[PDB]
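Data block for upload.csv (CSV, C-alpha atoms):
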chain,number,residue,atom,x,y,z
D,254,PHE,CA,0.2,59.6,-49.1
D,255,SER,CA,-0.6,58.8,-45.5
D,256,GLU,CA,1.4,58.3,-42.3
D,257,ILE,CA,-1.6,56.2,-41.3
D,258,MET,CA,-0.8,53.5,-43.9
D,259,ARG,CA,2.9,53.9,-43.3
D,260,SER,CA,2.5,53.3,-39.6
D,261,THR,CA,0.5,50.2,-40.3
D,262,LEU,CA,3.0,49.1,-42.9
D,263,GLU,CA,5.7,49.4,-40.2
D,264,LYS,CA,3.3,47.6,-37.8
D,265,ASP,CA,3.2,44.7,-40.3
D,266,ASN,CA,5.3,42.2,-38.3
D,267,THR,CA,4.7,39.6,-41.0
D,268,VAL,CA,6.4,39.9,-44.5
D,269,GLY,CA,5.4,37.2,-46.9
D,270,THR,CA,2.0,36.1,-48.4
D,271,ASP,CA,1.7,32.6,-47.0
D,272,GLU,CA,2.5,33.7,-43.4
D,273,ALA,CA,-0.3,36.2,-43.7
D,274,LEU,CA,-2.6,33.5,-45.2
D,275,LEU,CA,-1.9,31.1,-42.3
D,276,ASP,CA,-2.3,33.9,-39.8
D,277,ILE,CA,-5.7,34.6,-41.3
D,278,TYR,CA,-6.5,30.9,-41.3
D,279,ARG,CA,-5.4,30.7,-37.7
D,280,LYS,CA,-7.6,33.7,-36.7
D,281,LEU,CA,-10.5,32.5,-38.8
D,282,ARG,CA,-10.5,28.8,-38.2
D,283,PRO,CA,-9.1,28.3,-34.8
D,284,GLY,CA,-9.2,24.7,-33.8
D,285,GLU,CA,-8.0,23.5,-37.2
D,286,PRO,CA,-4.7,22.4,-38.7
D,287,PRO,CA,-3.3,25.0,-41.2
D,288,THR,CA,-2.7,24.5,-44.9
D,289,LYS,CA,-1.4,27.4,-47.0
D,290,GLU,CA,-3.2,26.6,-50.2
D,291,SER,CA,-6.7,26.3,-48.9
D,292,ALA,CA,-6.3,29.6,-47.0
D,293,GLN,CA,-5.9,31.5,-50.3
D,294,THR,CA,-8.8,29.7,-51.9
D,295,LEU,CA,-11.2,30.0,-48.9
D,296,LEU,CA,-10.6,33.7,-48.9
D,297,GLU,CA,-11.2,33.5,-52.6
D,298,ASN,CA,-14.3,31.5,-51.9
D,299,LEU,CA,-15.6,33.7,-49.1
D,300,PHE,CA,-15.4,37.0,-51.2
D,301,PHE,CA,-15.2,36.1,-54.8
D,302,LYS,CA,-16.8,32.8,-55.5
T,209,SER,CA,8.1,25.9,-37.9
T,210,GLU,CA,7.2,25.3,-34.3
T,211,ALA,CA,4.8,28.3,-34.3
T,212,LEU,CA,2.2,26.4,-36.3
T,213,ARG,CA,2.5,23.3,-34.1
T,214,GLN,CA,2.1,25.4,-31.0
T,215,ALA,CA,-0.9,27.2,-32.5
T,216,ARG,CA,-2.6,23.9,-33.5
T,217,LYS,CA,-1.9,22.4,-30.1
T,218,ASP,CA,-2.8,25.5,-28.1
T,219,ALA,CA,-6.0,26.7,-29.8
T,220,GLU,CA,-7.5,23.2,-29.2
T,221,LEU,CA,-7.1,23.4,-25.4
T,222,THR,CA,-8.6,26.9,-25.0
T,223,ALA,CA,-11.6,26.3,-27.2
T,224,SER,CA,-12.4,22.9,-25.7
T,225,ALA,CA,-15.9,23.2,-24.3
T,226,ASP,CA,-17.5,20.6,-26.5
T,227,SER,CA,-17.7,17.2,-24.9
T,228,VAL,CA,-18.1,15.8,-28.5
T,229,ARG,CA,-14.7,17.4,-29.4
T,230,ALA,CA,-13.3,16.0,-26.2
T,231,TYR,CA,-14.5,12.5,-27.1
T,232,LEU,CA,-13.1,12.8,-30.7
T,233,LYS,CA,-9.7,13.9,-29.4
T,234,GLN,CA,-10.0,11.0,-26.9
T,235,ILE,CA,-10.6,8.4,-29.6
T,236,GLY,CA,-8.0,9.8,-31.9
T,237,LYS,CA,-5.3,8.3,-29.7
T,238,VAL,CA,-5.6,4.5,-30.2
T,239,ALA,CA,-4.3,3.4,-33.6
T,240,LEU,CA,-6.2,1.2,-36.1
T,241,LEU,CA,-5.6,-2.5,-36.7
T,242,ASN,CA,-5.6,-5.0,-39.5
T,243,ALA,CA,-6.8,-8.5,-40.2
T,244,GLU,CA,-4.1,-10.7,-38.7
T,245,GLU,CA,-4.1,-8.5,-35.6
T,246,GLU,CA,-7.9,-8.9,-35.3
T,247,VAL,CA,-7.5,-12.7,-35.7
T,248,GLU,CA,-4.8,-12.7,-33.0
T,249,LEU,CA,-6.9,-10.6,-30.6
T,250,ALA,CA,-9.9,-12.9,-31.2
T,251,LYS,CA,-7.7,-15.9,-30.4
T,252,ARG,CA,-6.5,-14.2,-27.2
T,253,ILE,CA,-10.0,-13.5,-26.1
T,254,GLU,CA,-11.2,-17.0,-26.8
T,255,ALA,CA,-8.2,-18.3,-24.9
T,256,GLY,CA,-9.1,-16.2,-22.0
T,257,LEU,CA,-12.7,-17.4,-22.1
T,258,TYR,CA,-11.6,-21.0,-22.1
T,259,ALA,CA,-9.1,-20.2,-19.3
T,260,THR,CA,-11.8,-18.8,-17.1
T,261,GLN,CA,-14.0,-21.7,-18.0
T,262,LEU,CA,-11.2,-24.1,-16.9
T,263,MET,CA,-11.1,-21.9,-13.7
T,264,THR,CA,-14.9,-22.2,-13.5
T,265,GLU,CA,-14.8,-26.0,-13.5
T,266,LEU,CA,-11.8,-25.7,-11.2
T,267,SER,CA,-13.8,-23.6,-8.7
T,268,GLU,CA,-15.4,-26.6,-7.1
T,269,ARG,CA,-13.0,-29.2,-5.5
T,270,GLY,CA,-11.5,-29.8,-8.9
T,271,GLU,CA,-7.7,-29.7,-8.2
T,272,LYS,CA,-5.1,-28.3,-6.0
T,273,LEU,CA,-3.5,-25.7,-8.2
T,274,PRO,CA,0.1,-26.0,-9.6
T,275,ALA,CA,1.7,-22.7,-8.9
T,276,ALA,CA,3.3,-21.5,-12.1
T,277,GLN,CA,0.6,-23.1,-14.1
T,278,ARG,CA,-2.0,-21.3,-12.0
T,279,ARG,CA,-0.5,-17.9,-12.2
T,280,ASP,CA,0.1,-18.0,-16.0
T,281,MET,CA,-3.3,-19.4,-16.7
T,282,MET,CA,-4.7,-16.5,-14.7
T,283,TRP,CA,-2.4,-14.4,-16.9
T,284,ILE,CA,-4.1,-15.9,-19.9
T,285,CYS,CA,-7.5,-15.1,-18.3
T,286,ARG,CA,-6.7,-11.5,-17.5
T,287,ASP,CA,-4.9,-10.9,-20.8
T,288,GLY,CA,-7.8,-11.7,-23.0
T,289,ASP,CA,-9.7,-8.8,-21.5
T,290,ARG,CA,-6.8,-6.5,-22.5
T,291,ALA,CA,-7.1,-7.8,-26.1
T,292,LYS,CA,-10.9,-7.2,-25.9
T,293,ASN,CA,-10.7,-3.7,-24.6
T,294,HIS,CA,-7.9,-2.9,-27.1
T,295,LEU,CA,-10.2,-4.1,-30.0
T,296,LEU,CA,-13.0,-2.0,-28.5
T,297,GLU,CA,-10.9,1.1,-28.4
T,298,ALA,CA,-9.8,0.4,-31.9
T,299,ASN,CA,-13.2,0.2,-33.4
T,300,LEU,CA,-14.7,3.2,-31.5
T,301,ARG,CA,-13.8,5.2,-34.6
T,302,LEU,CA,-15.9,2.8,-36.7
T,303,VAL,CA,-18.8,3.3,-34.3
T,304,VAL,CA,-18.5,7.1,-34.7
T,305,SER,CA,-18.3,6.8,-38.5
T,306,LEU,CA,-21.4,4.7,-38.7
T,307,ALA,CA,-23.4,6.7,-36.1
T,308,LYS,CA,-22.7,10.0,-37.7
T,309,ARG,CA,-25.3,9.7,-40.5
T,310,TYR,CA,-28.3,9.1,-38.2
T,311,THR,CA,-28.1,12.5,-36.4
T,312,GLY,CA,-30.2,15.6,-36.7
T,313,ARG,CA,-33.4,13.8,-35.7
T,314,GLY,CA,-34.9,12.2,-32.6
T,315,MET,CA,-31.9,12.1,-30.2
T,316,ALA,CA,-28.7,13.8,-29.3
T,317,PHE,CA,-25.4,12.7,-30.8
T,318,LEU,CA,-23.4,11.4,-27.9
T,319,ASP,CA,-26.3,9.1,-26.9
T,320,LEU,CA,-26.2,7.6,-30.4
T,321,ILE,CA,-22.5,7.1,-30.0
T,322,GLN,CA,-22.9,5.3,-26.7
T,323,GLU,CA,-25.6,3.0,-28.0
T,324,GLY,CA,-23.4,2.2,-31.0
T,325,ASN,CA,-20.6,1.4,-28.5
T,326,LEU,CA,-22.9,-1.0,-26.7
T,327,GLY,CA,-23.8,-2.6,-30.0
T,328,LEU,CA,-20.1,-2.9,-30.7
T,329,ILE,CA,-19.6,-4.7,-27.4
T,330,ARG,CA,-22.3,-7.1,-28.5
T,331,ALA,CA,-20.7,-7.6,-31.9
T,332,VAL,CA,-17.2,-8.1,-30.4
T,333,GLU,CA,-18.8,-10.7,-28.2
T,334,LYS,CA,-20.5,-12.6,-31.0
T,335,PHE,CA,-17.7,-12.2,-33.6
T,336,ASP,CA,-16.2,-15.2,-35.3
T,337,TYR,CA,-12.9,-15.1,-37.2
T,338,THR,CA,-12.9,-18.6,-38.7
T,339,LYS,CA,-15.3,-17.4,-41.4
T,340,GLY,CA,-12.4,-15.2,-42.4
T,341,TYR,CA,-14.0,-11.8,-43.1
T,342,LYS,CA,-13.5,-8.3,-42.0
T,343,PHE,CA,-14.6,-7.4,-38.5
T,344,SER,CA,-16.3,-4.2,-39.8
T,345,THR,CA,-18.7,-6.1,-42.0
T,346,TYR,CA,-20.1,-8.2,-39.2
T,347,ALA,CA,-20.0,-5.4,-36.6
T,348,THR,CA,-21.9,-2.9,-38.8
T,349,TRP,CA,-25.1,-5.0,-38.4
T,350,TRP,CA,-25.0,-4.9,-34.6
T,351,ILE,CA,-24.1,-1.2,-34.6
O,98,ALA,CA,-24.9,5.4,-10.2
O,99,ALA,CA,-22.2,8.2,-10.2
O,100,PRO,CA,-21.9,11.4,-8.1
O,101,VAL,CA,-22.7,14.7,-9.7
O,102,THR,CA,-21.8,18.3,-8.7
O,103,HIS,CA,-24.5,20.8,-8.4
O,104,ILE,CA,-23.9,23.5,-11.1
O,105,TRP,CA,-24.6,26.5,-8.9
O,106,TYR,CA,-21.4,25.8,-6.8
O,107,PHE,CA,-19.2,25.4,-9.9
O,108,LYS,CA,-20.2,27.8,-12.7
O,109,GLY,CA,-21.1,31.0,-11.0
O,110,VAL,CA,-19.0,33.9,-10.0
O,111,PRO,CA,-17.0,33.3,-7.9
O,112,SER,CA,-16.7,29.5,-8.0
O,113,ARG,CA,-17.9,28.3,-4.6
O,114,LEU,CA,-16.2,24.9,-5.1
O,115,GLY,CA,-13.1,26.7,-6.4
O,116,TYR,CA,-12.9,28.8,-3.2
O,117,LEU,CA,-13.7,25.8,-0.9
O,118,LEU,CA,-11.0,23.7,-2.5
O,119,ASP,CA,-8.8,26.7,-3.4
O,120,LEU,CA,-8.3,25.4,-6.9
O,121,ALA,CA,-8.5,27.1,-10.3
O,122,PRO,CA,-12.0,26.8,-11.8
O,123,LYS,CA,-10.4,26.4,-15.3
O,124,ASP,CA,-8.6,23.4,-13.8
O,125,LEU,CA,-11.6,22.2,-11.8
O,126,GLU,CA,-13.5,21.9,-15.0
O,127,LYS,CA,-10.8,19.6,-16.3
O,128,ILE,CA,-11.4,17.5,-13.1
O,129,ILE,CA,-15.2,17.2,-13.1
O,130,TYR,CA,-15.5,16.8,-16.9
O,131,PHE,CA,-13.0,14.0,-16.9
O,132,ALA,CA,-10.2,15.8,-18.7
O,133,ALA,CA,-7.7,15.5,-15.9
O,134,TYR,CA,-6.9,13.1,-13.0
O,135,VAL,CA,-6.3,14.6,-9.6
O,136,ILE,CA,-4.5,13.1,-6.6
O,137,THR,CA,-7.0,13.1,-3.7
O,138,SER,CA,-4.8,11.4,-1.0
O,139,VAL,CA,-1.3,10.1,-0.4
O,140,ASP,CA,0.6,8.3,2.3
O,141,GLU,CA,3.3,10.7,3.2
O,142,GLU,CA,5.0,8.8,6.0
O,143,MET,CA,5.2,5.6,3.9
O,144,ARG,CA,7.0,7.5,1.1
O,145,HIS,CA,9.0,9.3,3.8
O,146,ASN,CA,10.5,6.2,5.3
N,4,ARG,CA,-60.6,30.7,-30.3
N,5,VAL,CA,-61.2,29.1,-26.9
N,6,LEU,CA,-59.1,25.9,-26.4
N,7,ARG,CA,-59.4,23.4,-23.5
N,8,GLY,CA,-57.7,20.2,-22.3
N,9,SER,CA,-58.1,17.5,-19.8
N,10,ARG,CA,-55.7,16.0,-17.3
N,11,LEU,CA,-56.7,12.4,-17.5
N,12,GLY,CA,-57.8,11.9,-13.9
N,13,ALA,CA,-61.2,11.7,-12.2
N,14,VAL,CA,-62.3,14.4,-9.8
N,15,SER,CA,-64.8,12.9,-7.4
N,16,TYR,CA,-66.5,15.1,-4.7
N,17,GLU,CA,-67.4,13.5,-1.4
N,18,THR,CA,-66.9,14.6,2.2
N,19,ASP,CA,-63.7,13.9,4.0
N,20,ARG,CA,-65.2,11.5,6.6
N,21,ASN,CA,-62.5,11.3,9.2
N,22,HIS,CA,-64.4,9.0,11.5
N,23,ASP,CA,-65.9,6.2,9.4
N,24,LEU,CA,-63.3,4.4,7.2
N,25,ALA,CA,-62.6,0.8,6.2
N,26,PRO,CA,-60.3,-0.6,8.9
N,27,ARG,CA,-56.9,-1.6,7.9
N,28,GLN,CA,-53.7,-3.5,8.7
N,29,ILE,CA,-50.0,-2.4,8.8
N,30,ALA,CA,-47.3,-4.7,7.6
N,31,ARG,CA,-43.6,-4.1,8.3
N,32,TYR,CA,-41.4,-4.5,5.3
N,33,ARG,CA,-37.6,-4.5,5.6
N,34,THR,CA,-35.1,-3.8,2.8
N,35,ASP,CA,-31.5,-5.0,2.5
N,36,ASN,CA,-29.6,-2.2,4.1
N,37,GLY,CA,-31.4,-2.2,7.4
N,38,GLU,CA,-34.4,0.0,6.5
N,39,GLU,CA,-37.9,-0.4,7.9
N,40,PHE,CA,-41.0,0.5,6.0
N,41,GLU,CA,-44.6,0.0,7.2
N,42,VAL,CA,-47.2,-0.3,4.5
N,43,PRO,CA,-50.9,0.2,5.2
N,44,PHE,CA,-52.8,-2.7,3.7
N,45,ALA,CA,-56.5,-3.5,4.0
N,46,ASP,CA,-57.8,-6.1,6.4
N,47,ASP,CA,-59.1,-8.3,3.6
N,48,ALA,CA,-55.8,-8.4,1.7
N,49,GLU,CA,-53.1,-11.0,1.4
N,50,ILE,CA,-49.8,-9.6,2.5
N,51,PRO,CA,-47.1,-10.2,-0.1
N,52,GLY,CA,-43.6,-11.0,1.1
N,53,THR,CA,-41.6,-9.2,-1.6
N,54,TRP,CA,-42.1,-5.5,-2.1
N,55,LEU,CA,-40.7,-2.5,-3.9
N,56,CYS,CA,-40.4,0.0,-1.1
N,57,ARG,CA,-40.2,3.8,-0.7
N,58,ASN,CA,-36.4,3.3,-0.7
N,59,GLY,CA,-36.8,2.1,-4.2
N,60,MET,CA,-34.8,-1.1,-3.7
N,61,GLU,CA,-36.5,-4.5,-3.0
N,62,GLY,CA,-37.9,-4.8,0.5
N,63,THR,CA,-38.9,-8.1,2.0
N,64,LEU,CA,-41.4,-9.0,4.7
N,65,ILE,CA,-40.0,-8.8,8.2
N,66,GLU,CA,-41.3,-12.2,9.2
N,67,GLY,CA,-39.3,-14.9,7.5
N,68,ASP,CA,-42.1,-16.7,5.6
N,69,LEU,CA,-39.6,-17.5,2.8
N,70,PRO,CA,-40.8,-16.2,-0.6
N,71,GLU,CA,-39.0,-18.0,-3.5
N,72,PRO,CA,-35.6,-16.2,-4.0
N,73,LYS,CA,-34.8,-16.3,-7.7
N,74,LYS,CA,-36.2,-19.3,-9.6
N,75,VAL,CA,-34.7,-17.7,-12.8
N,76,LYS,CA,-31.8,-18.1,-15.2
N,77,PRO,CA,-28.7,-16.1,-16.2
N,78,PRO,CA,-29.5,-14.3,-19.5
N,79,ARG,CA,-26.5,-15.4,-21.7
N,80,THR,CA,-22.8,-15.4,-21.1
N,81,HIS,CA,-19.9,-14.5,-23.4
N,82,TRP,CA,-18.9,-18.1,-22.6
N,83,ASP,CA,-22.3,-19.2,-24.0
N,84,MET,CA,-21.8,-17.1,-27.2
N,85,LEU,CA,-18.4,-18.8,-27.6
N,86,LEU,CA,-19.6,-22.3,-26.8
N,87,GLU,CA,-22.6,-22.2,-29.1
N,88,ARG,CA,-20.2,-21.8,-32.0
N,89,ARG,CA,-16.9,-23.5,-31.1
N,90,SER,CA,-15.5,-26.8,-29.9
N,91,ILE,CA,-14.0,-27.5,-26.5
N,92,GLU,CA,-11.2,-29.4,-28.2
N,93,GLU,CA,-10.5,-26.3,-30.4
N,94,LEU,CA,-10.4,-24.1,-27.2
N,95,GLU,CA,-8.0,-26.7,-25.7
N,96,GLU,CA,-5.8,-26.3,-28.8
N,97,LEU,CA,-5.7,-22.6,-28.3
N,98,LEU,CA,-5.1,-22.9,-24.6
N,99,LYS,CA,-2.1,-25.3,-25.1
N,100,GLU,CA,-0.9,-23.0,-27.8
N,101,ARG,CA,-0.9,-20.0,-25.5
N,102,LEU,CA,0.6,-22.0,-22.7
N,103,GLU,CA,3.5,-23.1,-24.9
N,104,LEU,CA,3.7,-19.5,-26.1
N,105,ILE,CA,4.1,-18.1,-22.5
N,106,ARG,CA,6.6,-21.0,-22.0
N,107,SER,CA,8.7,-19.9,-25.0
N,108,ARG,CA,8.3,-16.3,-23.9
N,109,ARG,CA,9.3,-16.9,-20.3
N,110,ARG,CA,12.1,-19.4,-19.9
N,111,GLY,CA,13.3,-19.4,-23.5
G,343,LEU,CA,-34.5,16.5,-19.6
G,344,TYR,CA,-35.7,13.9,-17.2
G,345,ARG,CA,-35.8,11.3,-19.9
G,346,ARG,CA,-32.3,12.2,-20.9
G,347,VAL,CA,-31.2,11.8,-17.3
G,348,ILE,CA,-33.0,8.5,-16.8
G,349,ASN,CA,-31.7,7.1,-20.1
G,350,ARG,CA,-28.1,8.0,-19.4
G,351,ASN,CA,-28.3,6.7,-15.8
G,352,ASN,CA,-29.6,3.3,-16.9
G,353,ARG,CA,-27.0,3.2,-19.7
G,354,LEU,CA,-24.3,3.9,-17.2
G,355,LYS,CA,-25.7,1.3,-14.8
G,356,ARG,CA,-25.8,-1.4,-17.5
G,357,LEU,CA,-22.3,-0.5,-18.5
G,358,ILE,CA,-21.0,-0.9,-15.0
G,359,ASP,CA,-22.9,-4.1,-14.5
G,360,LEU,CA,-21.5,-5.4,-17.8
G,361,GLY,CA,-17.9,-4.3,-17.2
G,362,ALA,CA,-16.8,-1.8,-19.8
G,363,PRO,CA,-13.5,-0.2,-21.0
G,364,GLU,CA,-12.5,3.1,-19.5
G,365,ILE,CA,-13.2,5.6,-22.3
G,366,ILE,CA,-16.9,4.6,-22.7
G,367,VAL,CA,-17.4,4.7,-18.9
G,368,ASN,CA,-15.9,8.2,-18.5
G,369,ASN,CA,-17.8,9.4,-21.6
G,370,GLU,CA,-21.1,8.2,-20.1
G,371,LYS,CA,-20.2,9.8,-16.7
G,372,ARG,CA,-19.5,13.1,-18.4
G,373,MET,CA,-22.7,12.9,-20.4
G,374,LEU,CA,-24.6,12.2,-17.1
G,375,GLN,CA,-23.0,15.2,-15.5
G,376,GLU,CA,-23.9,17.4,-18.4
G,377,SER,CA,-27.4,16.0,-18.4
G,378,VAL,CA,-27.9,17.0,-14.8
G,379,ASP,CA,-26.4,20.4,-15.7
G,380,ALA,CA,-29.0,20.8,-18.5
G,381,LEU,CA,-31.7,19.7,-16.0
G,382,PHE,CA,-30.8,22.4,-13.5
G,383,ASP,CA,-29.8,25.3,-15.7
G,384,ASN,CA,-29.8,24.8,-19.5
G,385,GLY,CA,-27.3,27.1,-21.2
G,386,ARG,CA,-25.3,27.7,-18.0
G,387,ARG,CA,-22.2,25.9,-19.4
G,388,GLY,CA,-21.4,25.8,-23.1
G,389,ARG,CA,-24.3,25.5,-25.4
G,390,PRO,CA,-28.0,25.5,-24.5
G,391,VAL,CA,-29.9,22.3,-25.2
How would this structure read if it were set down as structure tokens?
Amino acid sequence: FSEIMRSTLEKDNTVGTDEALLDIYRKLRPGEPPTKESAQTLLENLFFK
Amino acid sequence: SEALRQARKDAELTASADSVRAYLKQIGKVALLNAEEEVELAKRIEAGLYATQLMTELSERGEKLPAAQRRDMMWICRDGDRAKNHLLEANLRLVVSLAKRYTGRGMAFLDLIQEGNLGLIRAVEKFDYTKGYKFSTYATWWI
Amino acid sequence: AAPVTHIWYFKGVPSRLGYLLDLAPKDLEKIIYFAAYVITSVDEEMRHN
Amino acid sequence: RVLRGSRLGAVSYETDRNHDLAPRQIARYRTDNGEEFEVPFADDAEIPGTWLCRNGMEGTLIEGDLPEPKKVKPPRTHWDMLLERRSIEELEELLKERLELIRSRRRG
Amino acid sequence: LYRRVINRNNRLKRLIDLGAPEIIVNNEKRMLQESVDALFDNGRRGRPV
């Protein structure tokens, strides 16, 4: 129900979970080689563990 | 696929303000070695030491030098230092891995690294291969 | 035993060494902190002939 | 509440008598890289030949009265670390091995 | 800071008088440079000591 979220959903530029995870890992840990599995768990560790 | 490679190799250059990080990325270049390579490097070093000792007893009025024999014995003399420095650059990572657990007290980290490097120089001087052990075991003491 | 740059001519604004040499400060830091070699002289006529 | 300290140094209080002093000598000391230093010694004082000057390097006395130069030993060489644990015949075996090695590498 | 400078200077001097491979030499030179930098203005470059 918002053109706000629809505008952001069309400003997505990345479709796919693992691409978003590695982008987060890139922007969170820069200076570090990426791995797609630890990116989902570190986010799970940082907010849910 | 090249986006992740470009990210991992471009984020390192921008963020590089740490001299420790610079030294780690420096020492990550030279590959490790194994036992027979260490034995061969020790042989080359000892060959260079006996070559420069032969040049030392030459250095008086010992002999007029044969030409090809002179130039390749000086090759032997200079080549042992290459083996020496190669082994040093190999075991820099061992120096770091031993020195890492003494930090957080007394001194800075790079100073401990450099003192461990000097101890590694002393160990690679006084190392023997004929006892047939790993270099790391004998070098850990001096480090 | 080794020369040292005074920091007030390197890490201010603007970089005094950077203007005096007309080099980039972000490349001069790679020079003085041993991250990059730099050619300081060359024999142009010897190469030229 | 009040706390004090002490710089470990004596503070004596006399008058700055500019006229009446112990008379004194001046000895010219020369360093290696052509530097002159003149050091005020007392009259009743033996003048040492060797000296650590204001330059910081070693400075000798300008008259050549010949102090003893080294009279010391080299500490220990890498050759000495090798020779205290190996045989010269063994080192000869390794040398002839490497010579025949560069032979076989070079001309066949 | 002065003790850091004197220690790194003497370490560099002993490395030169010994003859040392290149990486350790440039490491000690950069450490000497950063020591003089911390002597003059701590926290000017990078991280304050």
(request) Considering all atoms listed in the file, return as a PyMOL selection string whatever protein or nucleic-acid residues lie within 8 Å of residue T:289, sequence-local ones (same chain, fewer than 3 positions apart) excluded. (result) chain T and resi 253+256+285-286+292-293
(message) Between T:215, T:316, T:300, T:235, which residue has the minimum interatomic distance to chain D, considering all atoms listed in the file?
(response)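 Comparing T:215, T:316, T:300, T:235 against chain D, the winner is T:215.
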(message) Residues within 10 Å of residue N:101, please, as number ranges by chain. Count only C-alpha atoms; anything in the same chain fewer than 3 positions from it doesn't count.
(response) T: 251-252, 255-256, 280-281, 284; N: 95-98, 104-107
Show me a table, sorted first by chain and then by increasing residue number, of the residues of chain T having an atom at most 10 Å from chain G, each with its shortest atom pair and the distance in Å to one decimal, counting only C-alpha atoms and written as a tab-separated table.
residue	atom	partner	partner_atom	distance
T:224	CA	G:388	CA	9.8
T:225	CA	G:388	CA	6.2
T:226	CA	G:388	CA	7.3
T:227	CA	G:372	CA	7.9
T:228	CA	G:369	CA	9.4
T:230	CA	G:369	CA	9.2
T:231	CA	G:369	CA	7.1
T:234	CA	G:365	CA	7.8
T:235	CA	G:365	CA	8.2
T:289	CA	G:363	CA	9.4
T:290	CA	G:363	CA	9.3
T:292	CA	G:363	CA	8.9
T:293	CA	G:363	CA	5.7
T:294	CA	G:363	CA	8.7
T:296	CA	G:363	CA	7.7
T:297	CA	G:365	CA	7.9
T:300	CA	G:366	CA	9.2
T:315	CA	G:346	CA	9.3
T:316	CA	G:346	CA	9.3
T:318	CA	G:373	CA	7.7
T:319	CA	G:350	CA	7.8
T:321	CA	G:366	CA	9.5
T:322	CA	G:366	CA	7.2
T:323	CA	G:353	CA	8.4
T:325	CA	G:366	CA	7.6
T:326	CA	G:357	CA	8.2
T:329	CA	G:362	CA	8.6
(request) Check every residue of chain O for an atom within 12 Å of chain T, counting all atoms listed in the file, and provide those that qualify as a ChimeraX atom specification. (result) /O:123-124,126-127,130-133
Starting from chain T, keep only residues with some atom at most 9 Å from an atom of chain D, counting only C-alpha atoms, and report them as a PDB file with C-alpha atoms, in the coordinates of the input.
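File written: result_34.pdb
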ATOM      1  CA  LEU T 212       2.200  26.400 -36.300  1.00  0.00           C
ATOM      2  CA  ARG T 213       2.500  23.300 -34.100  1.00  0.00           C
ATOM      3  CA  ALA T 215      -0.900  27.200 -32.500  1.00  0.00           C
ATOM      4  CA  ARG T 216      -2.600  23.900 -33.500  1.00  0.00           C
ATOM      5  CA  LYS T 217      -1.900  22.400 -30.100  1.00  0.00           C
ATOM      6  CA  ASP T 218      -2.800  25.500 -28.100  1.00  0.00           C
ATOM      7  CA  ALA T 219      -6.000  26.700 -29.800  1.00  0.00           C
ATOM      8  CA  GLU T 220      -7.500  23.200 -29.200  1.00  0.00           C
ATOM      9  CA  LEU T 221      -7.100  23.400 -25.400  1.00  0.00           C
ATOM     10  CA  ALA T 223     -11.600  26.300 -27.200  1.00  0.00           C
ATOM     11  CA  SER T 224     -12.400  22.900 -25.700  1.00  0.00           C
TER      12      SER T 224
END
(request) Rank nothing, just name the residue among O:125, O:117, O:99, O:104 nearest to residue G:358, using only C-alpha atoms. (result)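 Selected residue with least distance to residue G:358: O:99.
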(message) As an exercise, work out the distance from atom CA of residue G:351 to atom CA of residue T:327 in Å and give it to one decimal place.
(response) 17.6 Å
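You will find atom CA of residue T:277 at 22.5 Å from atom CA of residue T:250.
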(message) Can you work out which residues from chain N touch chain G at a cut-off of 12 Å (counting only C-alpha atoms) and hand them back as number ranges by chain?
(response) N: 79-81
(request) Show which residues sit within 9 Å of residue N:53, as an NGL selection string. Count all atoms listed in the file, and ignore same-chain residues fewer than 5 positions away. (result) :N and (32 or 61-64 or 70)
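The shortest atom-to-atom distance to residue N:102, with all atoms listed in the file taken into account, belongs to T:259 out of T:346, T:270, T:320, T:259.
In this structure, atom CA of residue T:333 sits 19.9 Å away from atom CA of residue T:263.
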(request) Using only C-alpha atoms, find the one residue out of G:378, G:385, G:347, G:390 that sits nearest to chain O. (result) G:378
(request) With a distance cut-off of 7 Å and only C-alpha atoms, select the neighbouring residues of stretch 288-290 of chain D, excluding the residue or stretch itself and same-chain residues fewer than 4 positions from it, and output the selection as number ranges by chain. (result) D: 271, 274-275, 294
